[PDB]
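Student: Starting off with a structure, shown below.
Cβ placement follows ideal geometry from the backbone for every residue including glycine, while neighbour counts extend to all protein chains displayed. FYI, it's all coordinate maths here, none of it is from the lab.
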Ligand SMILES: [Zn+2]
């Protein structure tokens, strides 16, 4: 695999693919 | 809901979700 | 058709649409 | 317009809804 | 190449078609 | 955090996997 530069919705697409049926948490800094 | 920063195709994805079966018009400034 | 400004995954989405069943090669500079 | 505002600044889903048919 | 041109500048669908198999 | 790191810098798929349930 290669390193990624992922912003906005592209990060969530990546989490979806990596995690699959496991699901994930999306937790941005505020 | 929260405020959005939406550029390019991401705006059209947002309009699709908000409007659903109503449809929408996409009208950029030229 | 109009000219495009396409970065990252958006370029691959465009290639997919243009090429369809022909397929394509994605070849970035390294 | 809306396309420019959402990208240069921020916009709400309520503002976007005005562009539905 | 095409990947860089489309992102740093602009490109046409006709230019992209050259990368189809 | 991860959301910021992936966007301001770079991140790996192995780093992302830590956010799976
Ligand atoms: Zn994008």
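Student: Would you pick out the residues in region F:4-18 that are under 13 Å from residue A:26 (Cα atoms), out of contact with any helix residue (DSSP H, G or I) (no Cβ under 6 Å at 6 or more places or on another chain) and facing another protein chain (nearest Cβ under 7 Å)?
Tutor: Of everything in region F:4-18, just one residue is under 13 Å from residue A:26 (Cα atoms), out of contact with any helix residue (DSSP H, G or I) (no Cβ under 6 Å at 6 or more places or on another chain) and facing another protein chain (nearest Cβ under 7 Å), namely F:4.
Student: Of everything in region B:1-21, what is more than 16 Å from the ligand (Cβ to nearest atom), surrounded by 11 or more Cβ atoms within 10 Å (Cβ to Cβ) and more than 8 Å from the chain's Cα centre (by Cα)? Give them in sequence order.
Tutor: Matches in region B:1-21: B:3, B:19.
Student: Any residue in region C:1-25 that's closer than 20 Å to residue B:11 by Cβ: show its pairings with residues that are in a helix (DSSP H, G or I) and within 16 Å of the ligand (Cβ to nearest atom) at Cβ separation under 6 Å, as long as the two are six or more apart or on different chains.
Tutor: Filtered contacts from region C:1-25: C:6/C:14; C:6/E:6; C:7/E:7; C:11/E:6.
Student: In region C:7-19, which residues are out of contact with any strand residue (DSSP E or B) (no Cβ under 8 Å at 6 or more places or on another chain) and more than 16 Å from residue E:10 (Cα to Cα)?
Tutor: Of everything in region C:7-19, just one residue is out of contact with any strand residue (DSSP E or B) (no Cβ under 8 Å at 6 or more places or on another chain) and more than 16 Å from residue E:10 (Cα to Cα), namely C:17.
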